[PDB]
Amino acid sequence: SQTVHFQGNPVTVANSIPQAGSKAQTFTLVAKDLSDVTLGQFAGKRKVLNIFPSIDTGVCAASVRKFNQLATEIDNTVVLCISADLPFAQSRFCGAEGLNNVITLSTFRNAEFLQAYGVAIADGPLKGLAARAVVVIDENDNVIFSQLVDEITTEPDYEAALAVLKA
């Protein structure tokens, strides 16, 4: 298990986020129309897993859409914005509005994803939600960047994620 912070308060997160070098575990998640989406449907693309406690917070942080946009301007890239919010709530996401190759996916019937990817919050009020995390997977499903964000309310190292994506 890992420890992150919320309002600078400590939060346990299950297992261990995948490390660069490792093979990405397969998953199934749910799209905004309630269809099932698997990692294998993105075979040969680079994938960013952009993992949030919620994407239904009522505030549109500029940094979210900025990264999503920069990431998908790189050829052969898809960004998967993942959270425990139901598809009904994710459907009006702003970070994905107006951007191709940015897809929202929900964990509501696939809780095993959050365990497998080391991002399941295990205690406190946010128990059951995902930690803030970014995971970059290459064309052959190898992890090439991961970060479990130390303060859930602050930005990931987008610059570092983008550098791996290009390189």
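Start at 1 and count along the sequence shown; that's the residue number.
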- Note on the structure: Higher of the two mean Cα B-factors (139 to 147, 17 to 25; per PDB record) comes from 17 to 25
- Stretch with higher mean Cα temperature factor, 49 to 57 vs 120 to 128, is 120 to 128
- Item | Residue with highest C-alpha B-factor in the PDB entry, from 30, 114, 133, 99 | 99
- Message: For the chain shown, is the CA B-factor of residue 94 in the lowest, middle or highest third of its modelled residues?
- Response: highest
- Item | Relative C-alpha B-factor of residue 105, binned into the chain's lowest, middle or highest third | lowest
- Task: Using the B-factors in the PDB entry, rank residue 74's C-alpha atom against the chain and give the third, lowest, middle or highest.
- Result: highest
- Relative C-alpha B-factor of residue 34, binned into the chain's lowest, middle or highest third: lowest
- Message: Splitting the chain's C-alpha B-factors into thirds, which one does residue 4 fall into?
- Response: lowest
